[PDB]
Amino acid sequence: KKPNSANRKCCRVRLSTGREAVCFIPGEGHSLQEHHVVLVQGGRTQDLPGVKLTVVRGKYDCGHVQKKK
Amino acid sequence: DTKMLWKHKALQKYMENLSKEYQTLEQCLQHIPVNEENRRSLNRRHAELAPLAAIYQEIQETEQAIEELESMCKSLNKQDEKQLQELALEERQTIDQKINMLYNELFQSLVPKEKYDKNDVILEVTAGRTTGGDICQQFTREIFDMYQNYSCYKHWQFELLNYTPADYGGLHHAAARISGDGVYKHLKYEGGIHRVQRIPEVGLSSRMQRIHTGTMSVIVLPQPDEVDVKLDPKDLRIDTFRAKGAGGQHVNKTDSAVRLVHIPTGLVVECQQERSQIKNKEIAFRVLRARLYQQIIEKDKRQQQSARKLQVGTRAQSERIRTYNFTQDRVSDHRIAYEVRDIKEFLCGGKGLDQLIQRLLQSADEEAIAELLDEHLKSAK
Amino acid sequence: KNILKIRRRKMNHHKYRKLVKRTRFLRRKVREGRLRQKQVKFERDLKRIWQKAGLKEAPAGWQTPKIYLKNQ
RNA sequence: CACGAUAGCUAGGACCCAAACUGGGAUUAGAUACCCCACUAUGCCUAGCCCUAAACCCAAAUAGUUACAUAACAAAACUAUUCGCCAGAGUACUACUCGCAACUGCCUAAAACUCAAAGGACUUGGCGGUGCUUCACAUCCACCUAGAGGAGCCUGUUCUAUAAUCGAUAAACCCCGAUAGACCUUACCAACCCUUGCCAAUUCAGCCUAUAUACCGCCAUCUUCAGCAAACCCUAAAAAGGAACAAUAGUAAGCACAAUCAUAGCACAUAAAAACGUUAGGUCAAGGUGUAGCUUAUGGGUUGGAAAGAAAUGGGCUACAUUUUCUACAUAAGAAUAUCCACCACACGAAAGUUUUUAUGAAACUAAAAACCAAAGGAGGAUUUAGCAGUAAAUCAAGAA
RNA sequence: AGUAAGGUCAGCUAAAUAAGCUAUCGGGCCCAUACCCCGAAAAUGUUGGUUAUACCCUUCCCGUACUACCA
RNA sequence: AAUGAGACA
Ligand SMILES: [K+]
Ligand SMILES: [K+]
Ligand SMILES: [K+]
Ligand SMILES: [K+]
Ligand SMILES: [Mg+2]
Ligand SMILES: [Mg+2]
Ligand SMILES: [Mg+2]
Ligand SMILES: [Mg+2]
Ligand SMILES: [Mg+2]
Ligand SMILES: [Mg+2]
Ligand SMILES: [Mg+2]
Ligand SMILES: [Mg+2]
Ligand SMILES: [Mg+2]
Ligand SMILES: [Mg+2]
Ligand SMILES: [Mg+2]
Ligand SMILES: [Mg+2]
Ligand SMILES: [Mg+2]
Ligand SMILES: [Mg+2]
Ligand SMILES: [Mg+2]
Ligand SMILES: [Mg+2]
Ligand SMILES: [Mg+2]
Ligand SMILES: [Mg+2]
Ligand SMILES: [Mg+2]
Ligand SMILES: [Mg+2]
Ligand SMILES: [Mg+2]
Ligand SMILES: [Mg+2]
Ligand SMILES: [Mg+2]
Ligand SMILES: [Mg+2]
Ligand SMILES: [Mg+2]
Ligand SMILES: [Mg+2]
Ligand SMILES: [Mg+2]
Ligand SMILES: [Mg+2]
Ligand SMILES: [Mg+2]
Ligand SMILES: [Mg+2]
Ligand SMILES: [Mg+2]
Ligand SMILES: [Mg+2]
Ligand SMILES: [Mg+2]
Ligand SMILES: [Mg+2]
Ligand SMILES: [Mg+2]
Ligand SMILES: [Mg+2]
Ligand SMILES: [Mg+2]
Ligand SMILES: [Mg+2]
Ligand SMILES: [Mg+2]
Ligand SMILES: [Mg+2]
Ligand SMILES: [Mg+2]
Ligand SMILES: [Mg+2]
Ligand SMILES: [Mg+2]
Ligand SMILES: [Mg+2]
Ligand SMILES: [Mg+2]
Ligand SMILES: [Mg+2]
Ligand SMILES: [Mg+2]
Ligand SMILES: [Mg+2]
Ligand SMILES: [Mg+2]
Ligand SMILES: [Mg+2]
Ligand SMILES: [Mg+2]
Ligand SMILES: [Mg+2]
Ligand SMILES: [Mg+2]
């Protein structure tokens, strides 16, 4: 929402409790595809209404941010 | 240049596969008593790869001659110094002359798969909704006239369909049809959002001279071809079954109903309105043609809606393909990271926009060819 | 001034009084539907009383009235 | 438990008059609104129901005190006993639930979700188709004179056009930078040449390359508006404000106005002046320069060429005559005068255009004179500009380059 | 199938004395837009015949409309 | 006499 404008890389996952919720991917660049396993934290993104989870980088199928090479 | 493109390992490796495949085609045909149905398929494939295999072989011979240049420069004599500088400095340039022919023809003959390019394209421009005032509406007029002048530079045909001016001297929305030989080819990557950053000069926004950012959306939709229904007795099955109603002896002893079944599609059209089968048969044929024609139109609508609701997106600054910064006199495309100065000439069409499009198409070919070479490995692995 | 709150409550009441008018007959169906379930649930409560007391049938002369019924 | 304005419902009765709804008229782009006319429910009486209000004196009942003491504003502050109510804002006088002669109803009254605020009072400024009083000497109305918009021509913009500059572009642009472009100027285009490429030196010269939204300079503008800024003091606190002449918290300096100076007496008048700020106003193209970009090229030189006006508009000159035209001449003259016609031929008005010649210049495409030619124009639609006295208007002359 | 029946400015109407309103184009008013004021342009579906044309008839074309019943 | 403000603290 204004005055902050960008393209935030989010994802939609179904948690272990069966509910389906919207999550956010921190960092720059990711290789997440459909039917991948990730781990979600309980943080919140201030700019995006509704989003209330963040994927923790470095666990399961999502790795750390890759340094420019 | 073309020499750098060949030096990529993907391009050399793929041509090796063609060389191995082309030789393999000869071995199977000459030796194995291949069946006639299979033999012709290999023969057709053999002819297709005949120019490709020969091109790569000439590259290898040309590359080996370069290795001679390195060896000659190693063994240097005082008398041989003059000879090598008068020959190796000329052979290497001569070699660089020949490799251009081989590499350019490879991409001029491969020709990644292309479609459409011979259908009239409708160009739609609107007024983005990101900022108040006429800063976005006024900017829409300038780019609309940019393409109109650009069409005359490309010797195309411009056909105005809709034109709705705004209150404060602007374009709320517009649409036009452009006909030509390479319309959709060139005007393929121009669809998106064109952001503008300028200090207001003419219009309602001129009351306060502070830099403002606005956006506008351009929609490029390829219009489909014509429609002509083709029907024949091979495609229609007519069941002359009876009907239900109230006619006494007449209904009980008459098959006054027609059930038209379209064999290719499976549609069932039944007409049992009038008393005579001739009247029922006449109407049934008319209805089947009308219903089939409606299906084609609805197919066209789905294709266009699925495309025009993609480029539009949500109409936000976050999505954009080109930014017009009049404050610093730069026009930059985000895809190719190419920046152009002198926006004054850029907005008048001509060579300003044509130069930008050339790199957009070359980048498109580069991405498709590079992936295909890897996809050749994927098919080989 | 406080008029910034009375006007906000004015618009909401004015819009609600049009939501009722537009869908007046939809509320009529639901209100009667809830009244039937209100009466039926009341019958089951009275039916539970005599069954748990050991009786097989309701006491003679007892017909449960329809309290949630339009009368005057 | 009993009651509860007004609107509303059920049954009967009354109906002067007012009057939602409705119909007509008018206004308006539309007016199912304000304004005008007609008439119904109803306002009324008897019997029953509904139980809602800014039901607000927004201040609960009973006893008291004027002690302590000013958040703000208002209707000054507080103690004792007791009850009711209040736990961010929006969602919400809503959803679901209990009761009700209510059935589009009343009472009770949440949550999911969204935001980091919502809200009370005050201060200064701006604005007000808010009221009171006073005033516009080119001024808003009343009112005076001469003009623009109509026609030709000259010139400047927009658009059209070309291979062929740039900048100004509500008041504060439009004979503007230019008190000035045939080459030059020139920054533009098409070709063709040159790479320590003006200087004493320099791994540097050069750039009319981008940025007036990085700027100095030089200004426009409100503006012939009177206020700006620094030192200091006061306020039961200070955001800010600071005057009463029979004077009640202000003081003396700086800038501006004023005075003075110029236009060869004074006076008046006109010039000249007009601060701090406002419009990121105009100017990287007077020149300089920050930052960014070019470096055998966005640099330098040579030759030739930037035509053309479908159309629209602004500012001007000359007119459309009789207060005129022509000649003589300073202002006391003669003659002509759109009409008559048996034929003719004729007024005002070409600045334009054709031809010839002269002046400047290497080059005439530029200017001027003469001959020929006599077209639009018969006082100009909505609208609009200027002037308060030697001013408007008419007429003449010189200078800047 | 038959019958009925219509085409007029960009749009919709009335007349054939081709008009009225709107839209469109140009200008004014306003800080700008709209309203408003001023000026201009604009058409008889199609062919043939109707003294000659038009309102008429005919041909072509589009579209509109009713009916298709007793066994 | 209806309408207008965007990326100024
Ligand atoms: K005030
Ligand atoms: K004029
Ligand atoms: K020259
Ligand atoms: K500079
Ligand atoms: Mg966090
Ligand atoms: Mg925050
Ligand atoms: Mg791990
Ligand atoms: Mg582990
Ligand atoms: Mg707005
Ligand atoms: Mg609300
Ligand atoms: Mg009551
Ligand atoms: Mg009452
Ligand atoms: Mg009553
Ligand atoms: Mg009732
Ligand atoms: Mg009654
Ligand atoms: Mg009455
Ligand atoms: Mg009356
Ligand atoms: Mg009326
Ligand atoms: Mg009261
Ligand atoms: Mg109260
Ligand atoms: Mg009370
Ligand atoms: Mg009490
Ligand atoms: Mg008492
Ligand atoms: Mg008391
Ligand atoms: Mg105070
Ligand atoms: Mg509290
Ligand atoms: Mg809450
Ligand atoms: Mg209520
Ligand atoms: Mg309620
Ligand atoms: Mg005046
Ligand atoms: Mg005059
Ligand atoms: Mg004129
Ligand atoms: Mg002119
Ligand atoms: Mg110009
Ligand atoms: Mg300009
Ligand atoms: Mg240059
Ligand atoms: Mg400035
Ligand atoms: Mg003084
Ligand atoms: Mg003097
Ligand atoms: Mg004086
Ligand atoms: Mg002066
Ligand atoms: Mg003075
Ligand atoms: Mg500016
Ligand atoms: Mg201005
Ligand atoms: Mg400027
Ligand atoms: Mg410079
Ligand atoms: Mg410039
Ligand atoms: Mg510099
Ligand atoms: Mg050059
Ligand atoms: Mg004109
Ligand atoms: Mg002037
Ligand atoms: Mg004269
Ligand atoms: Mg005389
Ligand atoms: Mg004459
Ligand atoms: Mg004359
Ligand atoms: Mg002449
Ligand atoms: Mg509007």
# chains A, B, ... in the order shown; residues from 1 in each chain; ligands from 1
$ interface_residues --of "chain D" --to "chain A" --cutoff "12 Å" --atoms "only C-alpha atoms (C1' of nucleotides)" --output "PDB file with N, CA and C atoms (P, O5', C5', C4', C3', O3' and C1' of nucleotides), in the first residue's frame"
ATOM      1  P     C D 113      -8.791 -12.156  12.557  1.00  0.00           P
ATOM      2  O5'   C D 113      -8.894 -11.011  11.455  1.00  0.00           O
ATOM      3  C5'   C D 113      -8.976 -11.331  10.075  1.00  0.00           C
ATOM      4  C4'   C D 113      -9.625 -10.217   9.293  1.00  0.00           C
ATOM      5  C3'   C D 113      -8.869  -8.898   9.263  1.00  0.00           C
ATOM      6  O3'   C D 113      -7.837  -8.880   8.294  1.00  0.00           O
ATOM      7  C1'   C D 113     -11.139  -8.495   9.778  1.00  0.00           C
ATOM      8  P     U D 114      -6.417  -8.214   8.640  1.00  0.00           P
ATOM      9  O5'   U D 114      -6.685  -6.648   8.520  1.00  0.00           O
ATOM     10  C5'   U D 114      -6.968  -6.058   7.262  1.00  0.00           C
ATOM     11  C4'   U D 114      -7.331  -4.600   7.397  1.00  0.00           C
ATOM     12  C3'   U D 114      -6.314  -3.716   8.098  1.00  0.00           C
ATOM     13  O3'   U D 114      -5.244  -3.324   7.258  1.00  0.00           O
ATOM     14  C1'   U D 114      -8.469  -3.266   8.950  1.00  0.00           C
ATOM     15  P     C D 115      -3.777  -3.096   7.875  1.00  0.00           P
ATOM     16  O5'   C D 115      -3.893  -1.706   8.642  1.00  0.00           O
ATOM     17  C5'   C D 115      -4.147  -0.505   7.929  1.00  0.00           C
ATOM     18  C4'   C D 115      -4.506   0.632   8.852  1.00  0.00           C
ATOM     19  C3'   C D 115      -3.459   1.021   9.884  1.00  0.00           C
ATOM     20  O3'   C D 115      -2.437   1.843   9.349  1.00  0.00           O
ATOM     21  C1'   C D 115      -5.579   0.882  10.921  1.00  0.00           C
ATOM     22  P     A D 116      -0.945   1.762   9.939  1.00  0.00           P
ATOM     23  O5'   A D 116      -1.015   2.617  11.282  1.00  0.00           O
ATOM     24  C5'   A D 116      -1.444   3.974  11.257  1.00  0.00           C
ATOM     25  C4'   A D 116      -1.441   4.597  12.632  1.00  0.00           C
ATOM     26  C3'   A D 116      -0.077   4.682  13.317  1.00  0.00           C
ATOM     27  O3'   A D 116      -0.030   5.863  14.116  1.00  0.00           O
ATOM     28  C1'   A D 116      -1.549   3.424  14.659  1.00  0.00           C
TER      29        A D 116
END
$ closest_atom_pairs --of "chain F" --to "chain B" --cutoff "9 Å" --atoms "only C-alpha atoms (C1' of nucleotides)" --output "Markdown table"
| residue | atom | partner | partner_atom | distance |
| --- | --- | --- | --- | --- |
| F:4 | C1' | B:133 | CA | 7.9 |
| F:5 | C1' | B:133 | CA | 7.7 |
| F:6 | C1' | B:132 | CA | 4.9 |
| F:7 | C1' | B:212 | CA | 5.8 |
| F:8 | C1' | B:210 | CA | 8.3 |
$ residues_around --residues "residue 61 in chain D" --least-positions-apart "3" --cutoff "12 Å" --atoms "only C-alpha atoms (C1' of nucleotides)" --output "list in words"
residues 81, 82, 83 and 84 of chain D
$ residues_near_ligand --ligand "ligand 28" --cutoff "10 Å" --atoms "only C-alpha atoms (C1' of nucleotides) and all ligand atoms" --output "PDB file with C-alpha atoms (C1' of nucleotides), in the first residue's frame"
ATOM      1  CA  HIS C  13     -28.636   4.136   9.560  1.00  0.00           C
TER       2      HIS C  13
ATOM      3  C1'   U D  52     -38.985   5.834  19.992  1.00  0.00           C
ATOM      4  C1'   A D  53     -36.186  11.576  20.412  1.00  0.00           C
ATOM      5  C1'   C D  93     -28.509   2.582  17.135  1.00  0.00           C
ATOM      6  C1'   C D 106     -38.195  -2.150  19.891  1.00  0.00           C
TER       7        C D 106
END
$ residues_near_ligand --ligand "ligand 11" --cutoff "12 Å" --atoms "only C-alpha atoms (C1' of nucleotides) and all ligand atoms" --output "ChimeraX atom specification"
/D:3-8,49-53,55
$ closest_atom_pairs --of "chain B" --to "chain D" --cutoff "10 Å" --atoms "only C-alpha atoms (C1' of nucleotides)" --output "JSON lines"
{"residue": "B:199", "atom": "CA", "partner": "D:213", "partner_atom": "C1'", "distance": 8.7}
{"residue": "B:201", "atom": "CA", "partner": "D:169", "partner_atom": "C1'", "distance": 9.8}
{"residue": "B:202", "atom": "CA", "partner": "D:169", "partner_atom": "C1'", "distance": 9.5}
{"residue": "B:207", "atom": "CA", "partner": "D:170", "partner_atom": "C1'", "distance": 9.2}
{"residue": "B:208", "atom": "CA", "partner": "D:279", "partner_atom": "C1'", "distance": 8.8}
{"residue": "B:209", "atom": "CA", "partner": "D:280", "partner_atom": "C1'", "distance": 7.1}
{"residue": "B:210", "atom": "CA", "partner": "D:280", "partner_atom": "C1'", "distance": 7.0}
{"residue": "B:211", "atom": "CA", "partner": "D:213", "partner_atom": "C1'", "distance": 7.9}
{"residue": "B:327", "atom": "CA", "partner": "D:211", "partner_atom": "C1'", "distance": 7.5}
{"residue": "B:328", "atom": "CA", "partner": "D:211", "partner_atom": "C1'", "distance": 6.5}
{"residue": "B:329", "atom": "CA", "partner": "D:210", "partner_atom": "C1'", "distance": 6.8}
{"residue": "B:330", "atom": "CA", "partner": "D:210", "partner_atom": "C1'", "distance": 9.3}
{"residue": "B:341", "atom": "CA", "partner": "D:210", "partner_atom": "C1'", "distance": 8.7}
{"residue": "B:342", "atom": "CA", "partner": "D:210", "partner_atom": "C1'", "distance": 9.0}
$ select_by_dssp --residues "chain A" --states "strand (DSSP E or B)" --output "ChimeraX atom specification"
/A:10-14,20-24,40,54-55,59,62
$ write_last_selection --atoms "C-alpha atoms" --output "short mmCIF file (atom, residue, chain, number, x, y, z; two decimals), in the first residue's frame"
data_model
loop_
_atom_site.label_atom_id
_atom_site.label_comp_id
_atom_site.auth_asym_id
_atom_site.auth_seq_id
_atom_site.Cartn_x
_atom_site.Cartn_y
_atom_site.Cartn_z
CA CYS A 10 4.88 -14.05 -1.59
CA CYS A 11 3.56 -17.60 -1.61
CA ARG A 12 0.46 -19.52 -0.54
CA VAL A 13 0.95 -22.66 1.56
CA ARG A 14 -1.20 -25.08 3.53
CA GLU A 20 -4.38 -22.53 4.05
CA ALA A 21 -2.72 -19.15 4.60
CA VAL A 22 -0.64 -16.57 2.74
CA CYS A 23 3.08 -16.35 3.49
CA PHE A 24 5.99 -14.10 2.52
CA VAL A 40 7.03 -20.60 8.32
CA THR A 54 7.37 -15.42 6.80
CA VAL A 55 9.35 -18.35 5.42
CA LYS A 59 15.45 -24.93 6.08
CA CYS A 62 14.53 -23.14 0.55
#
$ interface_residues --of "chain A" --to "chain B" --cutoff "10 Å" --atoms "only C-alpha atoms" --output "number ranges by chain"
A: 5-8
$ closest_residue --among "D:79, D:22, D:94, D:165" --to "residue 15 in chain C" --atoms "only C-alpha atoms (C1' of nucleotides)"
D:94
$ residues_near_ligand --ligand "ligand 1" --cutoff "10 Å" --atoms "only C-alpha atoms (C1' of nucleotides) and all ligand atoms" --output "ChimeraX atom specification"
/D:123-126
$ residues_near_ligand --ligand "ligand 7" --cutoff "9 Å" --atoms "only C-alpha atoms (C1' of nucleotides) and all ligand atoms" --output "mmCIF file with N, CA and C atoms, in the first residue's frame"
data_model
loop_
_atom_site.group_PDB
_atom_site.id
_atom_site.type_symbol
_atom_site.label_atom_id
_atom_site.label_comp_id
_atom_site.auth_asym_id
_atom_site.auth_seq_id
_atom_site.Cartn_x
_atom_site.Cartn_y
_atom_site.Cartn_z
ATOM 1 N N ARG A 57 14.472 -18.683 5.903
ATOM 2 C CA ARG A 57 15.440 -19.139 4.917
ATOM 3 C C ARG A 57 16.413 -20.130 5.541
ATOM 4 N N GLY A 58 16.800 -21.133 4.761
ATOM 5 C CA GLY A 58 17.814 -22.076 5.176
ATOM 6 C C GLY A 58 17.315 -23.408 5.687
ATOM 7 N N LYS A 59 16.019 -23.682 5.594
ATOM 8 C CA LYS A 59 15.449 -24.926 6.085
ATOM 9 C C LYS A 59 14.657 -25.608 4.980
ATOM 10 N N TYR A 60 14.785 -26.933 4.908
ATOM 11 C CA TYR A 60 14.055 -27.780 3.959
ATOM 12 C C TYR A 60 14.437 -27.372 2.541
ATOM 13 N N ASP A 61 13.487 -27.059 1.663
ATOM 14 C CA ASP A 61 13.776 -26.879 0.247
ATOM 15 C C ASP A 61 14.162 -25.455 -0.125
ATOM 16 N N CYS A 62 14.127 -24.514 0.814
ATOM 17 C CA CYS A 62 14.534 -23.140 0.554
ATOM 18 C C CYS A 62 15.848 -22.857 1.270
ATOM 19 N N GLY A 63 16.846 -22.398 0.514
ATOM 20 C CA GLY A 63 18.152 -22.107 1.056
ATOM 21 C C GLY A 63 18.347 -20.623 1.334
#
$ residues_near_ligand --ligand "ligand 4" --cutoff "10 Å" --atoms "only C-alpha atoms (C1' of nucleotides) and all ligand atoms" --output "PyMOL selection string"
chain D and resi 207+209-211+284+288-292
$ residues_near_ligand --ligand "ligand 14" --cutoff "10 Å" --atoms "only C-alpha atoms (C1' of nucleotides) and all ligand atoms" --output "list in words"
residues 8, 9, 10, 102 and 103 of chain D
$ atom_distance --atom1 "CA of residue 67 in chain C" --atom2 "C1' of residue 97 in chain D"
17.4 Å
$ residues_near_ligand --ligand "ligand 24" --cutoff "10 Å" --atoms "only C-alpha atoms (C1' of nucleotides) and all ligand atoms" --output "MDAnalysis selection string"
chainID D and resid 61:64
$ residues_near_ligand --ligand "ligand 29" --cutoff "12 Å" --atoms "only C-alpha atoms (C1' of nucleotides) and all ligand atoms" --output "JSON, numbers by chain"
{"C": [13, 16, 17, 20], "D": [92, 93, 94, 95, 96, 104, 105, 106, 107, 108, 109]}
$ write_last_selection --atoms "C-alpha atoms (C1' of nucleotides)" --output "PDB file, in the first residue's frame"
ATOM      1  CA  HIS C  13     -28.636   4.136   9.560  1.00  0.00           C
ATOM      2  CA  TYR C  16     -29.376   0.061   6.716  1.00  0.00           C
ATOM      3  CA  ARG C  17     -32.902   1.390   6.221  1.00  0.00           C
ATOM      4  CA  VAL C  20     -34.157  -3.722   4.847  1.00  0.00           C
TER       5      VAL C  20
ATOM      6  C1'   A D  92     -21.665  -1.480  15.127  1.00  0.00           C
ATOM      7  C1'   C D  93     -28.509   2.582  17.135  1.00  0.00           C
ATOM      8  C1'   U D  94     -25.109  -4.169  12.819  1.00  0.00           C
ATOM      9  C1'   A D  95     -25.017 -10.204  12.832  1.00  0.00           C
ATOM     10  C1'   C D  96     -26.799 -14.153  16.276  1.00  0.00           C
ATOM     11  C1'   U D 104     -39.658  -3.043   7.072  1.00  0.00           C
ATOM     12  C1'   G D 105     -40.374  -3.018  14.444  1.00  0.00           C
ATOM     13  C1'   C D 106     -38.195  -2.150  19.891  1.00  0.00           C
ATOM     14  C1'   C D 107     -34.892  -3.791  23.814  1.00  0.00           C
ATOM     15  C1'   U D 108     -30.388  -6.705  24.888  1.00  0.00           C
ATOM     16  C1'   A D 109     -25.514  -6.657  21.816  1.00  0.00           C
TER      17        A D 109
END
$ atom_distance --atom1 "CA of residue 338 in chain B" --atom2 "CA of residue 67 in chain A"
24.6 Å
$ closest_residue --among "C:26, C:12, C:21, C:62" --to "chain D" --atoms "only C-alpha atoms (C1' of nucleotides)"
C:21
